[PDB]
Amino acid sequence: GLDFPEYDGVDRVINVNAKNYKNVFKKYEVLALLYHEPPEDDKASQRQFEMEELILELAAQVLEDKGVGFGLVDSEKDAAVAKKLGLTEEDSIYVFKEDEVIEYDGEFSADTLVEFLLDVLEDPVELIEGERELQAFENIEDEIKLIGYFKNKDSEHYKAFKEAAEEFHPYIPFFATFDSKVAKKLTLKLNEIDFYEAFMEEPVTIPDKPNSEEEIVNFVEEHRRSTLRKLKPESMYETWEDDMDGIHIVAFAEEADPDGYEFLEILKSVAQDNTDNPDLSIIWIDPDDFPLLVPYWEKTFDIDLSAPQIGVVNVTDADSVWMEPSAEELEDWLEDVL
C-alpha cells in the first residue's frame, strides 16, 4: 500500500555567488532567487531564515522536473552578484524567466510560490480561438484583463501587444484573437486593445490605435488601481502598499457564504457607481484565502470574520473603524467616517 509524496530531505536550493551565478543562469529556464540579509546571530533570526529556505526547498522538489531552479543571493557576501543582476529589494524573491526579471509580490508559502511559477512558465499572451476560450475570458472578473484583435501572429501590432504582456506577466492577463468572429462578439476593430477593470463589465479602449508597446504599458500603469481590488496571496503586499493616502477601505466577505456573496454584490454595485472617482480603492478580502491570518484579523480588528464586514483602516497604526445594508447605505456610512 503506497502513500502520497513527502519532502525527501534533499537539498536543491543553490548558493548563488560570484563563482556560481553565471552558470546557474545558463543551467535553468526560470530561476527563483531569495535575495536576503544574512541570519543575525540570534535564534529568532536564524529560525525565520531556517523556515524560508525550507519553504523554497519544498517548491524546489515540486518544480524540479519543470526546470525551475531556486537560489539564495546574500546581500553582503554576494553583493556583486546582487549589483550586476538588479537585486535591490532586500528580503525578496526575484524570478528570472529568460533574461527579463519578474518581482514576486506575495505570500511566502510553498503553496502560492509554486502556483506563481507555474503561471510564470506559461506564454504571456493567451489566445482566443472559438467560443469556449471566449467564455473563459468573459468570466474573469477579479483582475484587470486586456484583450486585443490583430491580423495574425506576425502583425507588427501584435508583437507590440505581446511585449507589453511580458512586462506584466504573470500578474495581468493579456488576450488576443485573430478571429473576426470573436472580435465581432467582443466589439473590437483591428488592432484595438480593450482594457477591462477588475469587477467592471464595461471596458476602456486604449486610445491611439494602433498602439505601440510604450503606449500600452503607459496605459496599464496609469490604470492599475481598480476601484474594487481583491487581496490575492500572489500579490498581497503590492495591493496593501497602494493605500489611498494613508487609508484603506477593507471589506471582508466569504464569496462562498450565502451572506458573504450578497454583500459582495452590493460592494460590486458601490464600486460601479463611484468608479469615476479616483481616490477610492475598496480592498476585498475573502477570509477563506487566508486561514492563518483570520485569528490576527479577528482580535486586532475585533470583528467576527464569519460575517461580512466593511471598514476603513489606518495603514500605519493598524487602527480602524468598522460599520455595524444597501449600496446607498454603504456609501453614506463611508461619507460620514472619511
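Only the largest set of C-alpha atoms that superpose within 1.5 Å between the two forms is called the rigid core. The numbering used is simple: start at 1 and walk along the sequence shown.
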Do the Cα atoms of 92-100 or those of 182-190 sit farther, on average, from the shown form in 4 other deposited structures of this protein after fitting on the core? 92-100
RMS CA shift, core-fitted in 4 other deposited structures of this protein, bigger for 36-44 or for 49-57: 36-44
Does the chain run continuously from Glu324 to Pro325, or are deposited residues unmodelled in between? Answer none, 1 to 3, 4 to 9, or 10 or more. 4 to 9
Looking at the deposited entry, does 171-179 or 138-146 carry the larger mean Cα B-factor? 138-146
Quick one: higher average CA temperature factor, 187-195 or 258-266? 258-266
Options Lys299, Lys27, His36, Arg47 - largest CA temperature factor per the record: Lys27
Among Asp245, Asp154, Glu107, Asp74, highest Cα B-factor in the entry goes to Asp245
Could you place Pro308 in the lowest, middle or highest third of its chain by Cα temperature factor, using the values in the record? middle
Should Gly130 be placed in the lowest, middle or highest third of its chain by the C-alpha B factor in the entry? highest
Select lowest, middle or highest to describe the third in which the CA B-factor of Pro203 falls within its chain in this entry. middle
Based on the deposited C-alpha B factors for this chain, I'd like to know if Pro124 is in the lowest, middle or highest third. lowest
Looking at the C-alpha B-factor of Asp111, is it in the lowest, middle or highest third of its chain? middle
